[PDB]
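**Q**
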Amino acid sequence: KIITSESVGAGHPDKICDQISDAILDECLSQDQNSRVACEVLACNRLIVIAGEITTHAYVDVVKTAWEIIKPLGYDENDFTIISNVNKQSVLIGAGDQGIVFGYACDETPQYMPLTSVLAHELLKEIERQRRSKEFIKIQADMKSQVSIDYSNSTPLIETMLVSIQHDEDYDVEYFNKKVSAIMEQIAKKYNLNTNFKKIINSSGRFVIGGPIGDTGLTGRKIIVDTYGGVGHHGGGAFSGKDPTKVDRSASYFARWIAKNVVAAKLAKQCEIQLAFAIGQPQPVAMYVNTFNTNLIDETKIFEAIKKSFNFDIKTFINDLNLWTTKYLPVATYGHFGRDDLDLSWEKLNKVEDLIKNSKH
Amino acid sequence: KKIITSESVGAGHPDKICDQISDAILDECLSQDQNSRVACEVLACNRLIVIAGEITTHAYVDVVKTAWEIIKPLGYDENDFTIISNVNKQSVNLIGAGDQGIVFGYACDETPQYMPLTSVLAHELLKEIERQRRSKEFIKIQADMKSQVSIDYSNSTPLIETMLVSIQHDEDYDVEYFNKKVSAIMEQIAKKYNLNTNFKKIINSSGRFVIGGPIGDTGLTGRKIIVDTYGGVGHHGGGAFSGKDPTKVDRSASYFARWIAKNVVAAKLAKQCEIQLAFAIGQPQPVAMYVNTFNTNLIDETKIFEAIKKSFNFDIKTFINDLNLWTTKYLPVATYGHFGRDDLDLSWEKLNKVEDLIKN
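Chains A and B supply the protein sequences, listed in that same order. Here the first sequence is numbered in our numbering, starting from 351 and rising by one per residue. Here the second sequence is numbered in our numbering, starting from 50 and rising by one per residue.
1) Are the CB atoms of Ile370 (chain A) and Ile404 (chain A) nearer to each other than 9 Å?
2) Just to check my reading of the structure: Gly579 (chain A) and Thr466 (chain A) have Cβ atoms closer than 8 Å, yes? What is that Cβ distance to the nearest angstrom?
3) Just checking: is the beta-carbon of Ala455 (chain A) within a distance shorter than 9 Å of some beta-carbon in chain B?
4) Let me know the secondary structure DSSP gives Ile647 (chain A) once reduced to three states.
5) Note down, in chain order, each residue of its chain lying with its Cβ closer than 7 Å to the Cβ of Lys273 (chain B), except the 5 sequence neighbours on either side.
6) Can you tell me which of B:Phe258, B:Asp221, B:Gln237 and B:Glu173 puts its alpha carbon nearest to the alpha carbon of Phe388 (chain B)?
7) To the nearest angstrom, report how far apart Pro632 (chain A) and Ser134 (chain B) are at their CA atoms.
8) Grab the span of the alpha helix (DSSP H) containing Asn437 (chain A) for me, first residue to last.
9) Please identify, using Cβ separations under 8 Å, the residues of the segment 473-496 of chain A that lie next to chain B, in order along the chain.
10) Report the neighbours of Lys273 (chain B) on chain A: residues whose CB is nearer than 9 Å to its CB, in chain order.
11) Work out the CA separation of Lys366 (chain B) and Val231 (chain B) for me, nearest whole Å.
12) Quick one: using the 10 Å Cβ neighbour count with 16 as the cut-off for buried, is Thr376 (chain B) buried or exposed?
13) Pull up the distance between the alpha-carbon of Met534 (chain A) and that of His517 (chain A), whole angstroms please.
14) What residues from the segment 81-97 of chain B come within 9 Å of chain A, judged by C-beta to C-beta, listed N to C?
15) Which word fits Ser483 (chain A), buried or exposed, when buried means at least 16 other C-beta atoms lie within 10 angstroms of its C-beta?
16) Please state the DSSP three-state secondary structure of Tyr226 (chain B).
17) Could you tell me which residues DSSP pairs with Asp201 (chain B) in its beta bridges?
18) Which of the three DSSP states, helix, strand or coil, is assigned to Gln536 (chain A)?
19) Does any CB atom of chain A fall closer than 9 Å to the CB of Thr267 (chain B)?
20) Please report the straight-line C-alpha distance between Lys195 (chain B) and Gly265 (chain B), rounded to a whole angstrom.
21) Chain B partners of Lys351 (chain A), CB-CB under 7 Å?
22) If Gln496 (chain A) and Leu512 (chain A) are in contact, beta carbons under 8 Å, what's the gap, nearest whole angstrom?
23) Could you check what DSSP says for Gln181 (chain B) in three-state terms: helix, strand or coil?
24) Going along the segment 213-239 of chain B in order, which residues come within less than 8 Å of chain A, judged by CB to CB distance?
25) Identify each residue in the segment 146-170 of chain B for which the Cβ-Cβ distance to at least one residue of chain A is less than 7 Å, and report them in chain order.
26) Is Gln332 (chain B) close to chain A? Criterion is C-beta to C-beta, closer than 9 Å.
27) Between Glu323 (chain B) and chain A, is the shortest Cβ-Cβ distance under 9 Å, so that the two count as touching?
28) Can you tell me whether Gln149 (chain B) is buried or exposed? The criterion is at least 16 other CB atoms within 10 Å of its CB, across all chains shown.
29) Name the residue from B:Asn95, B:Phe258 and B:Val99 whose alpha carbon lies nearest to the alpha carbon of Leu397 (chain A).
30) Flag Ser602 (chain A) as yes if its beta-carbon sits less than 9 Å from any beta-carbon of chain B, otherwise no.
31) Cα separation between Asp201 (chain B) and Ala337 (chain B)?
32) Which same chain residues end up closer than 7 Å to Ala615 (chain A) when comparing Cβ atoms and leaving out the 5 residues on each side of it in sequence?
33) Counting only C-beta atoms, is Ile251 (chain B) closer than 9 Å to chain A at any point?
34) Pairing CB atoms from the segment 316-330 of chain B with CB atoms from the segment 339-348 of chain B, are three or more of them under 8 Å?
35) Establish whether the CB of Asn135 (chain B) and some CB of chain A are separated by less than 9 Å.
36) Would you say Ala626 (chain A) reaches chain B, if we count a Cβ-Cβ gap shorter than 9 Å as a contact?
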């Protein structure tokens, strides 16, 4: 029985687009908390097109902001043509669109996230950390991880850790495989699992040309990496480039907040929440609570505790989670959930006490 | 009360315009050259459409011309869009996986299509509105529209809870005529799938919906991946289908996995069947397999794993040829989902593996 998740580095074309999208949004929200932003980006080869709809009183150079994301990776003024088709402008919260979102949590990691996700993310975080500190030399920011885990026994075995990393022409292959194998072992040991998994390293062969160059990247084409790897279900909505009034985003965060606080409150081992919306409705049109028969109390008494412990008014849960004053660039890489490395409002265990009481305790 | 909900979108939706252009360019390529490698993405932002990606082919293909043949039938003309290409075109034993990643196949028995009811209804609803727009049975509407169908699964028998629809209409439209037409189509669809008739009807809740498509909006290829698949009921690996030749395993393996999942439920080995497959660059077979049946298995989950392994070749090149993916038109599946298409003739929807599954 083998479940597998992937992650990607800051240098991956799709994640460059998510980063530019959330960087433009952050820039807008710094100056104007009421900014409406729906900013999509295409990177095709040496052309980046920044697109979408923005209302704001913010001074924002969308092309400049994009260069501040790309230069660190590090390209220069010579690598890309970067143009805007953005329509910029100035001036209770009903759902601005229809659609479905899911919140998910489980207890297999301290982050309350599927092990496959955590390992795939932590692996690339550590390689990127070493690239920046120069502990790992002759590699670039474009990289991928895929972590397969065997769940056949009570105890989970790592089956396979895969990694593709962009390297320099003049790289030492033995130095590279040594460095990666050690980082794969380091990550296994910290979580603290078997060490004898199969290691698949740069199976491609040479990986020197990366980013958008041979290739294409779009905003919101890493939606499963952004979420639950997909152990969890998904509604199809991308997060990057969207202010909190896009319910696709803020409701995904609300739903995670509930799902996590439920499992943290030891009411279940796994908790999923479907939410659906209709244009104009101030609350979700539909709710579904699934616990995969892992409920430690009556499924019933959870439904009640959830309804009683959480305000479902969209404007209210957006302010509850301080989404107006939240920086979204940090979650543009390495997933939006289970970020013990960050300080996200929707990862806070500030609703467990409330869930305990409201389940009749 | 237990409520599952799925959505669909019309051919006029900006995201689905992009999927249509992407699969139209791919189709054009495969008509002339079966070995075309295509990875064609499209952005539609306001009045600019940018066609992008990587194409190897011996095919004469005007990517901007192909895009106009998708947009003109939706009611636009030469005056509505600037359409430019940054596509990198050019020419030239086993098929190993050309990338890593995970895919899922899903089937259930709640519909003749072997698809979640919420999906089928959301799709069939927009198919019928589009049919009437074309025949002029429904007169002052455009192609951009959305559906969302909520269903209550609390009881033995499934109740429709809510049917929602947003349809792009003309400035000069008759609101009474519009609500009548839609309400009747919602009832028509319920009746066909013999369900309850008394569900809540939410019609153009926004108020006016006159400006649609890319106009004052954005569409990208592969941003309706859940609408393309299983409406949230199934898991998803994150891979989009539109604009990709069969060697992109994201696509061909999703189709392979559906083929198995459907033949399993059709063979009455389960009511619901899901299949995860994972890939590694260079591997000729999937790096990992997972079989889920949600405790609906009518035989040992074990004896299904065996029947599946014995009834299906997992060599990527072999299952691509088995399913004739080289000679398949992908534009038809760019709208109204890639699975449970009784209206089409897809190799991966065929129940030609049931006998084989029974024996094994």
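Every residue, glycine too, gets a C-beta built ideally from N, C-alpha and C.
**A** So, from the listed chains and residues:
1) Contact flag unset, no.
2) About 5 Å separates the Cβ atoms of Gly579 (chain A) and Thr466 (chain A), confirming a contact at the 8 Å cut-off.
3) Nearest CB-CB separation between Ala455 (chain A) and chain B: not below the 9 Å threshold.
4) For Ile647 (chain A), the three-state secondary structure derived from DSSP is coil.
5) Cβ within range, chain order: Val58, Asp64, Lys65 and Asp68.
6) Nearest to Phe388 (chain B) by alpha-carbon distance, out of B:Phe258, B:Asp221, B:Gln237 and B:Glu173, is B:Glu173.
7) Each residue's alpha carbon lies about 41 Å from the other.
8) Run containing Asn437 (chain A): none in the alpha helix (DSSP H); it sits in the beta strand (DSSP E), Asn437 to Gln439.
9) Residues passing the 8 Å Cβ filter: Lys494 and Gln496.
10) Under the 9 Å cutoff, chain A gives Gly586.
11) Near 46 Å, if we compare the C-alpha coordinates of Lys366 (chain B) and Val231 (chain B).
12) Counting every other CB atom within 10 Å of its CB across the protein chains shown gives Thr376 (chain B) a total below 16, marking it as exposed.
13) Straight-line Cα distance between these residues: approximately 18 Å.
14) Listed by position, the residues of the segment 81-97 of chain B near chain A (Cβ gap below 9 Å) are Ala88, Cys89, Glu90, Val91, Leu92, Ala93, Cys94, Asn95, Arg96 and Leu97.
15) By the 10 Å Cβ count, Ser483 (chain A) comes out exposed.
16) Looking at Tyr226 (chain B) - three-state DSSP - the assignment turns out to be helix.
17) By DSSP's assignment, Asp201 (chain B) forms a beta bridge with B:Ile52 and B:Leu208.
18) Three-state DSSP puts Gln536 (chain A) in a helix.
19) Interface flag for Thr267 (chain B) against chain A is set, since a Cβ pair is found closer than 9 Å.
20) If you take the alpha carbons of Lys195 (chain B) and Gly265 (chain B), they lie about 17 Å apart.
21) Taking a Cβ-Cβ threshold of 7 Å, the residues of chain B close to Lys351 (chain A) are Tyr339, in chain order.
22) Their Cβ separation, rounded to whole angstroms, is 4 Å, which keeps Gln496 (chain A) and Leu512 (chain A) in contact under 8 Å.
23) Helix, per DSSP.
24) For the segment 213-239 of chain B, residues whose beta-carbon sits nearer than 8 Å to a beta-carbon of chain A comprise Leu213 and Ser215.
25) Residues passing the 7 Å Cβ filter: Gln149, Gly150 and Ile151.
26) So yes, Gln332 (chain B) belongs to the interface.
27) It does not: the Cβ of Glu323 (chain B) has no partner Cβ on chain A nearer than 9 Å.
28) With 16 or more other Cβ atoms from the protein chains shown falling within 10 Å of its own Cβ, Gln149 (chain B) counts as buried.
29) Looking at the Cα atoms, B:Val99 is the closest of the given residues.
30) Closer than 9 Å: no.
31) Those two C-alpha atoms are separated by around 35 Å.
32) Correct list, in chain order: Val702, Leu705 and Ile706.
33) It does; some Cβ of chain A falls within 9 Å.
34) Because the criterion of three Cβ pairs below 8 Å is met, the segment 316-330 of chain B and the segment 339-348 of chain B touch.
35) Judged by the 9 Å Cβ criterion, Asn135 (chain B) is in contact with chain A.
36) At a cut-off of 9 Å between C-beta atoms, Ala626 (chain A) counts as an interface residue with respect to chain B.
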